[PDB]
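One chain comes next, on its own, written out as structure tokens in the form solved without the ligand.
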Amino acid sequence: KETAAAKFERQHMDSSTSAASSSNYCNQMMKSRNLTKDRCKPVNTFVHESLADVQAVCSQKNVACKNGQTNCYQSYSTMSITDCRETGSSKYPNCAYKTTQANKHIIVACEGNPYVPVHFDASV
């Protein structure tokens, strides 16, 4: 049973890549990190940083999470991300995603001792 902290890592964390590798990168990852399982996930962004530099966002500028809450942090720093937005042509079983690559600020929600990222909230 995945602890949230690792679930986050499975849906959000690809450190082994500098950035998107192609464009069916999205399709490879969605699939490969089980997001396309019980349905196709609407959208999912992936961070291309070390877990260590990401977990340390929990000590960076504290912001309100989109949903109204208060355990969210935004990186002081810019970080490379790939947004997997799903498309029109996407019919789970076959979820089709569009690789949109960027190098921007992540805002995540932190929880637990150790206080790690748990939810990816947004990116600006």
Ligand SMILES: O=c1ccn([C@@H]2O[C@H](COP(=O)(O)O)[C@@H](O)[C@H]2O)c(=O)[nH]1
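All residue numbers refer to positions in the sequence shown, first residue = 1. We call the rigid core whatever largest set of C-alpha positions still superposes within 1.5 Å between the two forms.
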Seminar exercise, completed: Quick note, superposing on core in 6 other deposited structures of this protein and taking C-alpha RMS, the more shifted stretch of 73 to 81 and 31 to 39 is 31 to 39
For this session: Averaging only over Cα atoms, indicate whether 101 to 109 or 19 to 27 has the higher B-factor in the PDB entry.
Result: 19 to 27
Seminar exercise, completed: Assert higher mean C-alpha B factor (46 to 54 or 86 to 94, deposited values) equals 86 to 94
For this session: Determine which member of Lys41, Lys61, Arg33, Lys66 has the highest CA B-factor, using the values in the deposited entry.
Result: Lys41
